[PDB]
>>> print(open('start-v3.cif').read())   # mmCIF, N, CA and C atoms
data_target
loop_
_atom_site.group_PDB
_atom_site.id
_atom_site.type_symbol
_atom_site.label_atom_id
_atom_site.label_comp_id
_atom_site.auth_asym_id
_atom_site.auth_seq_id
_atom_site.Cartn_x
_atom_site.Cartn_y
_atom_site.Cartn_z
ATOM 1 N N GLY A 1 0.860 -1.219 0.000
ATOM 2 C CA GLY A 1 0.000 0.000 0.000
ATOM 3 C C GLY A 1 0.879 1.246 0.000
ATOM 4 N N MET A 2 1.248 1.704 1.202
ATOM 5 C CA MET A 2 2.080 2.899 1.355
ATOM 6 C C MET A 2 3.060 2.744 2.552
ATOM 7 N N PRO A 3 4.182 3.502 2.585
ATOM 8 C CA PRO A 3 5.171 3.423 3.714
ATOM 9 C C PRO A 3 4.599 3.989 5.013
ATOM 10 N N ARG A 4 5.342 3.788 6.123
ATOM 11 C CA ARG A 4 4.916 4.222 7.482
ATOM 12 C C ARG A 4 3.949 3.202 8.081
ATOM 13 N N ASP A 5 4.227 2.788 9.325
ATOM 14 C CA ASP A 5 3.416 1.773 9.999
ATOM 15 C C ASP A 5 1.996 2.303 10.326
ATOM 16 N N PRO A 6 0.969 1.419 10.393
ATOM 17 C CA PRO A 6 -0.439 1.837 10.732
ATOM 18 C C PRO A 6 -0.539 2.501 12.109
ATOM 19 N N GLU A 7 0.369 2.120 13.017
ATOM 20 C CA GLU A 7 0.338 2.609 14.398
ATOM 21 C C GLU A 7 0.491 4.126 14.471
ATOM 22 N N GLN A 8 1.402 4.684 13.660
ATOM 23 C CA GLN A 8 1.621 6.135 13.651
ATOM 24 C C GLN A 8 0.354 6.853 13.180
ATOM 25 N N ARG A 9 -0.293 6.286 12.152
ATOM 26 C CA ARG A 9 -1.537 6.843 11.620
ATOM 27 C C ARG A 9 -2.611 6.840 12.709
ATOM 28 N N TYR A 10 -2.684 5.728 13.449
ATOM 29 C CA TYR A 10 -3.635 5.586 14.546
ATOM 30 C C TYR A 10 -3.367 6.631 15.636
ATOM 31 N N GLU A 11 -2.086 6.957 15.857
ATOM 32 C CA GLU A 11 -1.718 7.950 16.872
ATOM 33 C C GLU A 11 -2.378 9.290 16.527
ATOM 34 N N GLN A 12 -2.316 9.656 15.240
ATOM 35 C CA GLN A 12 -2.968 10.870 14.753
ATOM 36 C C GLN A 12 -4.484 10.757 14.948
ATOM 37 N N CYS A 13 -5.017 9.549 14.694
ATOM 38 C CA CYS A 13 -6.442 9.278 14.872
ATOM 39 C C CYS A 13 -6.847 9.473 16.333
ATOM 40 N N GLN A 14 -5.965 9.047 17.241
ATOM 41 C CA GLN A 14 -6.217 9.126 18.672
ATOM 42 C C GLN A 14 -6.438 10.572 19.101
ATOM 43 N N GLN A 15 -5.619 11.481 18.561
ATOM 44 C CA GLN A 15 -5.717 12.902 18.903
ATOM 45 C C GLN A 15 -7.049 13.512 18.434
ATOM 46 N N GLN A 16 -7.468 13.177 17.197
ATOM 47 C CA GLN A 16 -8.706 13.745 16.632
ATOM 48 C C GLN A 16 -9.973 13.141 17.251
ATOM 49 N N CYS A 17 -10.029 11.802 17.355
ATOM 50 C CA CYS A 17 -11.205 11.137 17.932
ATOM 51 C C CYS A 17 -11.379 11.496 19.410
ATOM 52 N N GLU A 18 -10.251 11.654 20.120
ATOM 53 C CA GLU A 18 -10.278 12.006 21.540
ATOM 54 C C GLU A 18 -10.887 13.398 21.731
ATOM 55 N N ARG A 19 -10.504 14.330 20.848
ATOM 56 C CA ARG A 19 -10.978 15.710 20.930
ATOM 57 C C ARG A 19 -12.508 15.784 20.801
ATOM 58 N N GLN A 20 -13.068 15.048 19.827
ATOM 59 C CA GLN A 20 -14.518 15.081 19.583
ATOM 60 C C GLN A 20 -15.329 14.405 20.697
ATOM 61 N N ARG A 21 -14.760 13.361 21.331
ATOM 62 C CA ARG A 21 -15.469 12.658 22.416
ATOM 63 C C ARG A 21 -14.523 11.780 23.243
ATOM 64 N N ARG A 22 -14.867 11.600 24.529
ATOM 65 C CA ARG A 22 -14.034 10.832 25.463
ATOM 66 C C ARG A 22 -14.808 9.626 26.038
ATOM 67 N N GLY A 23 -14.127 8.471 26.113
ATOM 68 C CA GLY A 23 -14.722 7.243 26.660
ATOM 69 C C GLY A 23 -14.819 6.151 25.596
ATOM 70 N N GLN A 24 -14.439 4.913 25.972
ATOM 71 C CA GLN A 24 -14.467 3.772 25.035
ATOM 72 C C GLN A 24 -13.775 4.148 23.712
ATOM 73 N N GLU A 25 -12.654 4.853 23.845
ATOM 74 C CA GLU A 25 -11.912 5.366 22.705
ATOM 75 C C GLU A 25 -11.343 4.271 21.797
ATOM 76 N N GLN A 26 -11.119 3.065 22.327
ATOM 77 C CA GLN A 26 -10.506 2.004 21.513
ATOM 78 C C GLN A 26 -11.329 1.734 20.240
ATOM 79 N N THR A 27 -12.576 1.290 20.427
ATOM 80 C CA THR A 27 -13.461 0.984 19.300
ATOM 81 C C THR A 27 -13.962 2.249 18.607
ATOM 82 N N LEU A 28 -14.313 3.262 19.407
ATOM 83 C CA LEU A 28 -14.859 4.513 18.872
ATOM 84 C C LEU A 28 -13.850 5.263 18.007
ATOM 85 N N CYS A 29 -12.592 5.313 18.457
ATOM 86 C CA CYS A 29 -11.548 6.035 17.726
ATOM 87 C C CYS A 29 -11.246 5.366 16.403
ATOM 88 N N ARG A 30 -11.114 4.026 16.428
ATOM 89 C CA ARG A 30 -10.786 3.287 15.212
ATOM 90 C C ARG A 30 -11.870 3.466 14.153
ATOM 91 N N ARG A 31 -13.140 3.395 14.582
ATOM 92 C CA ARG A 31 -14.268 3.544 13.659
ATOM 93 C C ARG A 31 -14.431 4.985 13.161
ATOM 94 N N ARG A 32 -14.304 5.961 14.081
ATOM 95 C CA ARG A 32 -14.502 7.383 13.736
ATOM 96 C C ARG A 32 -13.411 7.929 12.813
ATOM 97 N N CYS A 33 -12.149 7.580 13.097
ATOM 98 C CA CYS A 33 -11.038 8.044 12.269
ATOM 99 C C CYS A 33 -11.090 7.390 10.890
ATOM 100 N N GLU A 34 -11.321 6.072 10.883
ATOM 101 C CA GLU A 34 -11.372 5.293 9.645
ATOM 102 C C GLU A 34 -12.535 5.730 8.740
ATOM 103 N N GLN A 35 -13.723 5.964 9.339
ATOM 104 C CA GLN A 35 -14.898 6.374 8.549
ATOM 105 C C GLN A 35 -14.692 7.760 7.923
ATOM 106 N N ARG A 36 -13.951 8.627 8.634
ATOM 107 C CA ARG A 36 -13.618 9.947 8.125
ATOM 108 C C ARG A 36 -12.780 9.802 6.855
ATOM 109 N N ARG A 37 -11.838 8.846 6.883
ATOM 110 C CA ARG A 37 -10.962 8.597 5.745
ATOM 111 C C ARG A 37 -11.791 8.246 4.507
ATOM 112 N N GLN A 38 -12.823 7.408 4.693
ATOM 113 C CA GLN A 38 -13.693 7.019 3.577
ATOM 114 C C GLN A 38 -14.385 8.248 2.997
ATOM 115 N N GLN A 39 -14.852 9.132 3.887
ATOM 116 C CA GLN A 39 -15.523 10.363 3.476
ATOM 117 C C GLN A 39 -14.557 11.287 2.740
ATOM 118 N N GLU A 40 -13.315 11.356 3.237
ATOM 119 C CA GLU A 40 -12.288 12.207 2.641
ATOM 120 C C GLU A 40 -11.967 11.758 1.216
ATOM 121 N N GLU A 41 -11.898 10.434 1.019
ATOM 122 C CA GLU A 41 -11.591 9.862 -0.295
ATOM 123 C C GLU A 41 -12.682 10.207 -1.308
ATOM 124 N N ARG A 42 -13.941 10.106 -0.866
ATOM 125 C CA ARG A 42 -15.089 10.415 -1.720
ATOM 126 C C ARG A 42 -15.170 11.910 -1.996
ATOM 127 N N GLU A 43 -14.704 12.731 -1.032
ATOM 128 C CA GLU A 43 -14.663 14.173 -1.231
ATOM 129 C C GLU A 43 -13.748 14.447 -2.403
ATOM 130 N N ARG A 44 -14.250 15.197 -3.381
ATOM 131 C CA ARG A 44 -13.503 15.419 -4.609
ATOM 132 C C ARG A 44 -12.128 16.017 -4.313
ATOM 133 N N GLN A 45 -11.086 15.272 -4.695
ATOM 134 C CA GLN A 45 -9.700 15.697 -4.475
ATOM 135 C C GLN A 45 -9.433 15.938 -2.991
#
>>> encode(input="start-v3.cif", output="structure tokens")
Amino acid sequence: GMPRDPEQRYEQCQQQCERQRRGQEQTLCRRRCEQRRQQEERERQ
């Protein structure tokens, strides 16, 4: 796919998902950060 380990990307995800809401961050952060990525890809350019 691309260079750089998934963990570093998740670290960035942790900062953004944490800001929007706190609690049960493990499942919530992974889903919220990842779903944003899907939206970003569909967003033109």
>>> select_by_dssp(input="start-v3.cif", residues="chain A", states="alpha helix (DSSP H)", output="ChimeraX atom specification")
/A:6-20,25-42
>>> residues_around(input="start-v3.cif", residues="residue 12 (chain A)", least_positions_apart="5", cutoff="9 Å", atoms="only C-alpha atoms", output="count of residues only")
3
>>> atom_distance(input="start-v3.cif", atom1="atom N of residue 3 (chain A)", atom2="atom C of residue 25 (chain A)")
24.7 Å
>>> atom_distance(input="start-v3.cif", atom1="CA of residue 23 (chain A)", atom2="CA of residue 9 (chain A)")
20.0 Å
>>> atom_distance(input="start-v3.cif", atom1="CA of residue 38 (chain A)", atom2="CA of residue 4 (chain A)")
19.2 Å
